[PDB]
Amino acid sequence: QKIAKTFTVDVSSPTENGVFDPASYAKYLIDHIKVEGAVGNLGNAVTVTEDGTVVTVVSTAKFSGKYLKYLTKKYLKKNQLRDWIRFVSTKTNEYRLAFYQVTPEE
Amino acid sequence: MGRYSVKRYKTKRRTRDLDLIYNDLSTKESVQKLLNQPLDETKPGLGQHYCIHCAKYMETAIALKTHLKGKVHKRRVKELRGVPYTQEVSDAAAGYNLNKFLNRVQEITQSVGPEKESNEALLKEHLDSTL
Amino acid sequence: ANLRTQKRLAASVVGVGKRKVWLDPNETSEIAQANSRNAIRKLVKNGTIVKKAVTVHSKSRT
Amino acid sequence: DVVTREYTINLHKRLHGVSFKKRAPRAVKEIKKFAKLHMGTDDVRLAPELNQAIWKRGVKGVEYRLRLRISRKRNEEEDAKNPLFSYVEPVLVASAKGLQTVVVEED
Amino acid sequence: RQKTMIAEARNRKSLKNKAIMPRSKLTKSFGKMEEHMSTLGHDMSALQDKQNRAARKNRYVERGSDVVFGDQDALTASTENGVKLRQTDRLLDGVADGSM
Amino acid sequence: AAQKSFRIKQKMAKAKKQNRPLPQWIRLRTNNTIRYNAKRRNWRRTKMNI
RNA sequence: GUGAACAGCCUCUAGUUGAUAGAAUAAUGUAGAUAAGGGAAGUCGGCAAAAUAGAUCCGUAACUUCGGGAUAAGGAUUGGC
RNA sequence: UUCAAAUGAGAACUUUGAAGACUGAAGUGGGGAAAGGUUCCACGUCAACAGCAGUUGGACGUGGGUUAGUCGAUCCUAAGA
Ligand SMILES: [Mg+2]
Ligand SMILES: [Mg+2]
Ligand SMILES: [Mg+2]
Ligand SMILES: [Mg+2]
Ligand SMILES: [Mg+2]
Ligand SMILES: [Mg+2]
Ligand SMILES: [Mg+2]
Ligand SMILES: [Mg+2]
Ligand SMILES: [Mg+2]
Ligand SMILES: [Mg+2]
Ligand SMILES: [Zn+2]
């Protein structure tokens, strides 16, 4: 019915390599998650938190991992990281940001 | 230039002008004459069942009624609303005979306009009653 | 080099049409060495041969 | 002499009146002739991305104006009949209007 | 910049005739990664450290095969008909010497 | 045809075994006058007529 | 998908990109179009083209083996929201 | 139809990649019957042939490949012989 689902994103690798900002990513999620068809209507329905390496979204109102991936890819495209960083699933409802395969220059 | 427009708007296939139709609808005597036409063997429906707005003869009263219940007739009626756009309008737009154009516009607004509207309303109710 | 046979084997092994297999233009010698479906499977595994995605036919306007 | 410039080519007047199946191939040939005229090289090589830019709107939809980067460089191969060749690249810009010939500072 | 990005994406995309290649299957170069991140303005210290560690890990060590057979070829008389060692040659098996 | 009789397949096997050029050592024999296979058959040139 | 529709037109899966090429754009051809005013004066002959066309509604003669003729003829209309 | 690379003495015509198109499921897709008989596939390879070309080929040279109690024939009868 309204059972709270938890979705986790691990941003540790891009954050450590210095091309990603978890606080900005969480703020983008807060400002761009839609509830009942509108933004800014997350009151007592969904919550987004970040501790510098893991971003957690706890939702009771129609949130899906595909939607979270769509929003994250929008954010990466906006910050011009879509060609280098991708959003992948490790287990159910836990995801990570990974780099695409890059050969050394030598 | 293209064949459709050429064979529709050939000079020998020309139709009556909107300002002429407006002059016909403005005066009550003209409307009465167009409503009571002499029997002509060369016209569809023996000269009866004539739509004044579209200037068009129908073969039957049912055909005239179906024409009145249509968008083409509504299009012509909407076209026949405002100023008839004679040559004085283009002259005034160029800056020529501006006072004459203004006098014509105020005459249409004051006297010719409402009389034409009342004639149209009487014609509409007459057609609705008889059809 | 002539990679027609390798292209056909890659299509058969991946299970798509020949229009949907991409052979790396830089690994020409490595692809030319591959004469068996086993070697083709190895090339697919290491990424020298890639399966293309289907051309989209969206139904949004429909 | 190694050099690199950016030009605008007017393909509209060059393709004026050309049969529809031949417009994009004739644009390719006109670009080769343009580079030969401006650089003095018989050997002209077009980038595949430039070929994509030419053919982007099909065989008969070639753009009126294209912004090109032409680089005259040395031919490293000894067996080649010429010591210099031109390489033509596309310059993707907001609009190809109002642009003049410029020299690109190679670094 | 927005118009330029529109033009670049239009030149890149050809979606009506086929799909775009998957990034998760393709591989790219650290030089392009460095230049793009430098354009974006990030700090390339950690990425350069990763690339240097990978380059120092990928070491080419020569072996006895490289010493002996490195430049040579053949070692086998190449047959005129491209036959295997134990394959019959209908045409040439009856003539032992190459002069004949 | 795919479903053929054994007699037809036997004649086909004989034709296949006959389809060859001359061996090269034939050309080296004393007083040899056979210089090519004058009865060579090809599938697209002369039909076997069953 | 459109559409009454295995029609025509566009697309996905799959399959092709084969048929000597390049350069110019004279006359005459082959194939395909447009044309002021008139409207068969052309020609043995309206040959050929043009015009008509789907669907809804109104309406439909002589003759007739009463079953037809008939989509007779002749009219009004058609989009989007 | 076009671009770059590879191969090669030599590339409009071969291979890969990049593009533009087409068949549009009554197909230029996927299988079979008659007929053909190795044309299938690999390696080598260009004298002749592919009405231009050719490094390519259904071409030339050398080999590999067709596995059934259940699929067919075989059995039954039809017109008939
Ligand atoms: Mg012309
Ligand atoms: Mg005319
Ligand atoms: Mg006459
Ligand atoms: Mg005459
Ligand atoms: Mg009749
Ligand atoms: Mg067609
Ligand atoms: Mg099509
Ligand atoms: Mg020839
Ligand atoms: Mg073959
Ligand atoms: Mg053979
Ligand atoms: Zn009317």
Side-chain angles (χ1 to χ4, degrees), chain B residues 1-3 6-7 10-12 44-45 56-73, chain C residues 1-8 11 16-20 22-29 31-32 35 54-59 61-62, chain D residues 17-19 21-29 31-32 45-61 79 87-88, chain E residues 14 16-18 21 78-84 86-93, chain F residues 1-6 8-9 11-13 15-16 19-21 41-45 47-50:
Chain B
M1 203 284 298
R3 182 135 70 172
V6 158
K7 74 184 179 288
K10 270 173 188 293
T11 309
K12 62 181 184 178
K56 187 174 180 179
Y57 293 89
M58 308 298 168
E59 65 169 18
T60 36
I62 178 65
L64 180 57
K65 191 177 192 308
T66 55
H67 163 80
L68 293 183
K69 305 274 188 179
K71 280 182 180 173
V72 183
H73 175 75
Chain C
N2 197 331
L3 307 186
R4 199 187 293 118
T5 297
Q6 284 75 37
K7 161 87 71 167
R8 176 185 66 83
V16 294
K18 296 185 302 180
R19 70 214 301 264
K20 288 295 193 301
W22 176 87
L23 276 57
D24 199 320
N26 286 99
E27 307 288 333
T28 298
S29 305
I31 295 172
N35 68 85
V54 297
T55 303
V56 288
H57 188 160
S58 184
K59 289 176 192 170
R61 296 181 308 271
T62 297
Chain D
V18 175
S19 291
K21 299 295 184 185
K22 309 178 181 66
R23 292 238 169 176
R26 277 204 73 97
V28 167
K29 291 185 175 183
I31 287 186
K32 280 189 178 181
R45 303 167 195 177
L46 312 186
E49 47 266 28
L50 174 63
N51 187 59
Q52 295 168 194
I54 295 171
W55 287 81
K56 187 51 68 191
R57 290 187 305 187
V59 72
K60 61 178 183 176
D79 298 334
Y87 189 69
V88 193
Chain E
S14 171
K16 192 181 184 296
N17 289 333
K18 69 169 186 300
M21 299 283 294
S78 67
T79 57
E80 292 88 33
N81 269 313
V83 304
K84 288 184 171 69
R86 301 176 185 100
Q87 176 179 345
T88 66
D89 198 324
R90 223 167 38 181
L91 190 71
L92 310 178
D93 276 358
Chain F
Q3 293 300 325
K4 61 186 62 57
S5 69
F6 178 76
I8 298 311
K9 186 171 166 191
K11 296 191 83 71
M12 287 159 51
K16 171 180 183 56
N19 201 344
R20 75 169 293 183
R41 177 200 58 90
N42 185 268
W43 66 279
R44 220 172 183 170
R45 280 153 208 158
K47 293 303 176 178
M48 298 195 296
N49 293 320
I50 305 184

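Just so it is clear: chains get the letters A, B, ... in the order the sequence lines come, proteins before strands, and each one is counted from 1.
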**Asked** Which nucleotide in the list H:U16, H:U62, H:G20 gets nearest to the side chain of C:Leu23?
**Response** H:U16
**Prompt:** For B:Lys65, does the NZ atom sit with more than 12 other heavy atoms under 6.0 Å from it, leaving out its own atoms?
**Reply:** no
**Prompt:** Nucleotide by nucleotide, 5' to 3', does protein get under 4.0 Å of the base (B), only the sugar-phosphate (S), or neither (-) in nucleotides 66-76 of chain H, counting heavy atoms?
**Reply:** -----------
**Residues that D:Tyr87 engages under ring pair (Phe, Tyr, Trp, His ring centres under 6.0 Å), provided they are two or more places apart** = none
**Item:** Distance-only donor-acceptor test (3.5 Å): side chain C:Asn2, base H:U14
**Value:** no
**Asked** For atom NZ of B:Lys7, is the number of surrounding heavy atoms from other residues, nucleotides or ligands below 6.0 Å larger than 12?
**Response** yes
**Request:** Identify which nucleotide among H:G37, H:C60, G:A36 has an atom closest to any side-chain atom of F:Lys4, counting heavy atoms from C-beta outward.
**Result:** H:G37
**Item:** Taking every non-hydrogen atom, the tightest pair across D:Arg23 and D:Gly17
**Value:** NH2-N, 3.7 Å
Nucleotide N/O to protein N/O under 3.5 Å, stretch nucleotides 10-13 of chain G:
{"unit_1": "G:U11", "atom_1": "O2'", "unit_2": "C:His57", "atom_2": "ND1", "d": "3.2"}
{"unit_1": "G:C12", "atom_1": "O4'", "unit_2": "C:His57", "atom_2": "ND1", "d": "3.4"}
{"unit_1": "G:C12", "atom_1": "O3'", "unit_2": "C:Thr55", "atom_2": "O", "d": "3.2"}
{"unit_1": "G:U13", "atom_1": "OP1", "unit_2": "C:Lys20", "atom_2": "NZ", "d": "2.8"}
{"unit_1": "G:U13", "atom_1": "OP1", "unit_2": "C:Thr55", "atom_2": "N", "d": "3.0"}
{"unit_1": "G:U13", "atom_1": "OP2", "unit_2": "C:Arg19", "atom_2": "NH1", "d": "2.8"}

**Prompt:** Considering only the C1' atoms, how many Å lie between H:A11 and H:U2, rounded to the nearest integer?
**Reply:** 16 Å
Enumerate all atom pairs, one protein N or O and one N or O from nucleotides 40-43 of chain H, separated by less than 3.5 Å.
{"unit_1": "H:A42", "atom_1": "OP1", "unit_2": "C:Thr5", "atom_2": "OG1", "d": "2.5"}
{"unit_1": "H:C43", "atom_1": "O2'", "unit_2": "E:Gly82", "atom_2": "O", "d": "2.9"}

**Message:** If the cut-off is 4.0 Å, is F:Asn42 near the phosphate of H:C49, judged by side-chain N/O to OP1 or OP2?
**Reply:** no
**Request:** Consider the side chain of D:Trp55, meaning its heavy atoms from C-beta on, and name the nucleotide among H:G20, H:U62, H:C3 that approaches it most closely.
**Result:** H:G20
**Message:** Is there, by distance only and without an angle test, a donor paired with an acceptor across the side chain of C:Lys59 and the base of G:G1 below 3.5 Å?
**Reply:** no
**Message:** Please determine whether a side-chain nitrogen or oxygen atom of C:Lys18 lies at a distance below 4.0 Å from atom OP1 or OP2 of G:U16.
**Reply:** yes
**Message:** Give me the atom names and distance for the closest heavy-atom approach of D:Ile54 to D:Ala24.
**Reply:** CG2-O, 3.9 Å
**Asked** Picking from H:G61, G:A76, H:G58, which would you name as closest to the side chain of F:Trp43?
**Response** H:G58
**Asked** Does E:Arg90 make a side-chain N or O approach to OP1 or OP2 of H:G63 shorter than 4.0 Å?
**Response** yes
**Asked** When you measure from the side chain of B:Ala63, which nucleotide among G:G75, H:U2, H:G37 comes out closest?
**Response** G:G75
**Prompt:** Considering only H:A19, H:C3, H:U16, which nucleotide approaches the side chain of D:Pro48 most closely?
**Reply:** H:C3
**Message:** Applying ring pair (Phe, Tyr, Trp, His ring centres under 6.0 Å), can you list everything that pairs with B:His67, at least two apart in sequence or on another chain?
**Reply:** B:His73
**Request:** State which of H:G57, H:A34, H:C3 makes the closest approach to the side chain of D:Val28.
**Result:** H:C3
**Complete:** Reading nucleotides 18-29 of chain G from 5' to 3' and marking B where a protein heavy atom lies under 4.0 Å of the base, S where only the sugar-phosphate is that close, and - otherwise, the string is ----SSS-----
